[PDB]
Every structure is written in C-alpha cells, then in structure tokens.
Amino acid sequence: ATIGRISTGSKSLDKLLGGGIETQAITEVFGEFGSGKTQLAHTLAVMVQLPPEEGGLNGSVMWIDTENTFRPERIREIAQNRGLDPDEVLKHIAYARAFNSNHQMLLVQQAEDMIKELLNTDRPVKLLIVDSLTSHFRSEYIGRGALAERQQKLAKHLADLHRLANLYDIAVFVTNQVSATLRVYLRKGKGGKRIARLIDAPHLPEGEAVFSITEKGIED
C-alpha cells in the first residue's frame, strides 16, 4: 500500500513532515508539560477521520492512555470547530487505559484483533496512539539494575508497534519526554506559539515549524 499521510491541522507542521504523519511509520513526539504533544494527539484523532481531500484517511482510531491525558470533551470541541459531528468522531476512537508497562504491551499485542476486524470496512484503523510510550517503563524500572530489562521490553514494544504500522497500513503516533521512529521535539515559542523541530529524519531535512493551539486543536 502507498504511504498515506494525516494532516496535523498545521500547514507549517505538515510541510516540515513532508505532508503529515505517515502510515507504516511511528512518529514520536517529545515535549515537556504544555508543549502541545497531547493536543497534537487529540487533533490527529479528529483529522484522520476526514476524507483525503480534507487531510484525513477516512479512518478509525485506537488510543492507549498511560497517564489519563485523553479528554473526550476536547475531541468534541475540536470535532465541532472543524464542522464535524462530535458524537460520531468520539464513537470512532476506541479507548484503552494501560495500567502498567506489561498491560501496555499486552494491549498493543491484542490491538491486532480489532485492527483485523475493521481492516476491510468503511473505517479501518488508520491511527494508533500511545500516550505516552515510556511513562510506565520509567516508573517501574528504576536505576542501573533495571536498565537492561527496561530497554529490552521497550524495544520489543516498539517492534510490535512497527509491525502493526507496516502490516495494516496504520500511522502510529506516540508521545515521550526527554529509525526506529521519526522524532519531533516540541517546545514553547513566543507569545504562546509552539515550535516543532524535526531531528535525525533519514529522508526529511531537519527544520522547524511554528504552530498555534486553538479551539480547532492545532493549526498555523
């Protein structure tokens, strides 16, 4: 399948990314609290449900939440301000809380079942979010005695995600805090704007994009 792209809502950020976030890829977005990474997550969960002409892939979403940062009311707001139906948009976001790192890995392994079910329907899964990729791993595996196992499990987790992305033509989007992944770093700009910087992309030049957070989620 040809690589599909989902608009982030921001034309500036889309340009930096070569058009939007890619299917068959993991996009990994870093940022401190208030950087805009979870807002970008929420915006993508809406955008992907649009037709390609509007920057989406006519897709469903699966959302794995590790620290209780998913906000249904924010989905509704973004959906409505983009002229969409907030109830329909929310219905097509499948939600799962991950309680710990083992559970998080289990959820990704078993996510394949639902992806298979939706694969040849009108709303195949096109976005899988893990927000956030590392909070549980960082919490559970403390100090140098734990590092080896931590990296092992995380590596396996990322491999499971890459496989789902590649096999089923899904854009995987994960958040983190400071290949395999396309790494984007968010920071505060001036006047409440945010800045994204792309780093170490094999086939996209490094660069920066300034964007805003609005009732539409993110946009220029």
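Each residue number is its position in the shown sequence, starting from 1.
Establish whether the other compared PDB entries of this protein leave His203 unmodelled at least a third of the time.
Yes; at least one third of the other entries leave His203 out.
Please say, as none, 1 to 3, 4 to 9, or 10 or more, how many residues of the deposited sequence are without coordinates in the interval between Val178 and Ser179.
Gap size class: 10 or more residues without coordinates, per the record.
Higher mean Cα B-factor in the deposited model: 114-122 or 128-136?
Taking the mean B-factor of the alpha carbons in each, 114-122 is higher.
Of 168-176 and 184-192, the one with larger mean CA B-factor
Result of the comparison: 184-192.
Sort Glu28, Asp160, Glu53, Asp65 by C-alpha B-factor from the entry and give me just the highest.
Answer for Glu28, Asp160, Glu53, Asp65: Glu53, with the highest C-alpha B-factor.
Quick one: which of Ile78, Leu90, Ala96, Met105 has the biggest Cα B-factor according to the entry?
Largest recorded C-alpha B-factor: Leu90.
Hey, what third does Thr43 fall into on Cα B-factor, ranked over its chain?
For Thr43, whose C-alpha B-factor we compare with every modelled residue in the chain, the answer is the lowest third.
Thinking about Cα B factors across the chain, which third does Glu208 belong to?
For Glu208, whose C-alpha B-factor we compare with every modelled residue in the chain, the answer is the middle third.
Ranked against its chain, the third holding the CA B-factor of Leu57:
Its C-alpha B-factor belongs to the middle third of this chain's values.
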